[PDB]
Amino acid sequence: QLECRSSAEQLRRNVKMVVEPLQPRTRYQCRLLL
Amino acid sequence: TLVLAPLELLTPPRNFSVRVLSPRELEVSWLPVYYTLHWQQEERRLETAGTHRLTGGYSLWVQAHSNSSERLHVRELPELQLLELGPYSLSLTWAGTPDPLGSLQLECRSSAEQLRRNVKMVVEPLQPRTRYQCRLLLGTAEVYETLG
Ligand SMILES: *[C@@H]1O[C@H](CO)[C@@H](O)[C@H](O)[C@H]1NC(C)=O
Ligand SMILES: *[C@@H]1O[C@H](CO)[C@@H](O)[C@H](O)[C@H]1NC(C)=O
């Protein structure tokens, strides 16, 4: 899985991977979880 | 004379704490013999001290066997009501008990995405015409379909 956490939202996507939707001009820390 | 067999004879609970995890689930934690945990609404035998989970106003005490510790007094969530249904957002509301919680979050999981929002709460952005099961984490899950 790929987890992208921002200051207001956190999205985990089951898995290359496309994370959508995301907020514009927002920083997110993304990591891979096995 | 005759020397006989030398015989061995064997003769509180340090800082017991209670954490409210869920509406039927409490987390007990105590340090140092067995222990007896008593919980009364306003006993369970354990072999070792540490952390345990009590399932199912409450005064709790732990006895080390024999003295006991101090009695700690501690304190169901409502279902999710849809306040606003949109194509890219969902505003939901719940009353809840008036108690302070360290964590209170709303989790909405769809077939392709899962979003957890730190908490009424508005979940945005969401996919249009997508069904998501939303629940409260400190609960029951409610399925809601977004607009198109
Ligand atoms: C049990 O605990 C209390 C409080 O710590 C203490 O005063 C008491 O001496 C203990 N009892 C025994 C028999 O050691
Ligand atoms: C446990 O440790 C000390 C011992 O007095 C106390 O001050 C503290 O509040 C206790 N912690 C919890 C979580 O009960």
# chains A, B, ... in the order shown; residues from 1 in each chain; ligands from 1
>>> residues_near_ligand(ligand="ligand 2", cutoff="9 Å", atoms="only C-alpha atoms and all ligand atoms", output="count of residues only")
8
>>> residues_around(residues="segment 31-39 of chain B", least_positions_apart="3", cutoff="6 Å", atoms="only C-alpha atoms", output="list in words")
residues 13, 14, 43, 44, 45, 46, 47, 49, 50, 59, 60, 61, 62, 63, 64 and 65 of chain B
>>> residues_near_ligand(ligand="ligand 1", cutoff="8 Å", atoms="only C-alpha atoms and all ligand atoms", output="tab-separated table (two decimals) with N, CA, C and O atoms, in the first residue's frame")
chain	number	residue	atom	x	y	z
B	12	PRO	N	0.91	-2.17	47.50
B	12	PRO	CA	-0.20	-2.83	46.81
B	12	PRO	C	0.07	-3.05	45.33
B	12	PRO	O	1.23	-3.17	44.94
B	13	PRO	N	-0.99	-3.12	44.53
B	13	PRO	CA	-0.80	-3.10	43.07
B	13	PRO	C	-0.40	-1.70	42.63
B	13	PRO	O	-1.15	-0.74	42.78
B	66	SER	N	-3.47	-9.96	51.85
B	66	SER	CA	-3.65	-9.46	50.49
B	66	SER	C	-4.35	-8.11	50.49
B	66	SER	O	-5.49	-7.98	50.93
B	67	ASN	N	-3.66	-7.10	49.97
B	67	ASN	CA	-4.20	-5.75	49.81
B	67	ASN	C	-4.66	-5.46	48.38
B	67	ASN	O	-4.25	-6.15	47.44
B	68	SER	N	-5.51	-4.45	48.24
B	68	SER	CA	-5.99	-3.99	46.95
B	68	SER	C	-5.50	-2.57	46.68
B	68	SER	O	-4.99	-1.88	47.57
B	69	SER	N	-5.66	-2.15	45.43
B	69	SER	CA	-5.28	-0.80	45.04
B	69	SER	C	-6.44	0.17	45.27
B	69	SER	O	-7.49	-0.19	45.82
>>> interface_residues(of="chain B", to="chain A", cutoff="10 Å", atoms="only C-alpha atoms", output="ChimeraX atom specification")
/B:109,112-118,123-127
>>> atom_distance(atom1="atom CA of residue 87 of chain B", atom2="atom CA of residue 129 of chain B")
7.1 Å
